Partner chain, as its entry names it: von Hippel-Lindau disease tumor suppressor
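Quick setup: one chain, the form solved without the partner chain, written in structure tokens, and binding and motion questions come after.
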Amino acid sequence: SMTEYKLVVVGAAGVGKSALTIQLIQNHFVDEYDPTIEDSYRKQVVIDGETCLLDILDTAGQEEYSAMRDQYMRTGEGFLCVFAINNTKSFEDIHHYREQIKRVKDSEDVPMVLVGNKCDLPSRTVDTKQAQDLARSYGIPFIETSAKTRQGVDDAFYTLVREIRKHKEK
């Protein structure tokens, strides 16, 4: 039938993984903080003229359970690696999330997109160039998003699908 893509959203607590996912799926913005245990969502979308089904796993940022991420990194096909542009620690955490995915997948070639979220906020501590330079050094796309205004939400998830498709068909 339509192709299913297994996407996994990771990143430090509070960066907006769930706000991004709920914007994509439900078109509304969660202002309140509901820290995630683990949630799964389904949405069909047209990408490049073809309908596909997204299966999205929204993961906990809680640092205490970092050693229980292996199981979902094994099954996920592509990863949205989210930081918040006003939280330098969450940007520093990116390296560690990516390295964990590579380790669990035992691969330097894993579909991923770097996402700089909260771009609506004036408190910016991570510059676009710094994030662009980093993504370039990783060889993956970088997108700035706001779950509040929806800027870049669809583009970040669709770009990840395109990265997975390129990898499956290679």
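Residue numbers count along the first chain shown, from 1.
Chemist: On mean C-alpha B-factor from the PDB entry, just flag whether 35 to 43 or 117 to 125 is the higher one.
Modeler: Per the deposited B-factors, the answer is 117 to 125.
Chemist: Which has higher Cα B-factors on average according to the PDB entry: 107 to 115 or 56 to 64?
Modeler: Per the deposited B-factors, the answer is 107 to 115.
Chemist: In terms of the chain's CA B-factor thirds, is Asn27 lowest, middle or highest?
Modeler: Bottom third by C-alpha B-factor.
Chemist: Going by what the PDB entry lists, where does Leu7 fall on CA B-factor within its chain: lowest, middle or highest third?
Modeler: It belongs to the lowest third of the chain when residues are ordered by C-alpha B-factor.
Chemist: Where does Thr51 sit by CA temperature factor within its chain: lowest, middle or highest third?
Modeler: CA B-factor rank for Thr51: middle third.
The same protein has a further form, the form solved in complex with the partner chain, not shown here; the description that follows concerns it.
Chemist: Against the partner chain in the entry with it bound, would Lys129 count as a contact residue? Criterion: heavy atoms within 4.5 Å.
Modeler: No, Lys129 is distant from the partner.
Chemist: Is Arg136 close to the partner chain in the entry with it bound, meaning a heavy atom pair under 4.5 Å apart or at it?
Modeler: No, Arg136 sits far enough from the partner chain in the entry with it bound that none of its heavy atoms falls within 4.5 Å.
Chemist: How about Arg124: is it within 4.5 Å of the partner chain in the entry with it bound, going by heavy atoms?
Modeler: Although the partner chain is absent here, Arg124 would stay clear of it in the entry with it bound, with no heavy atoms inside 4.5 Å.
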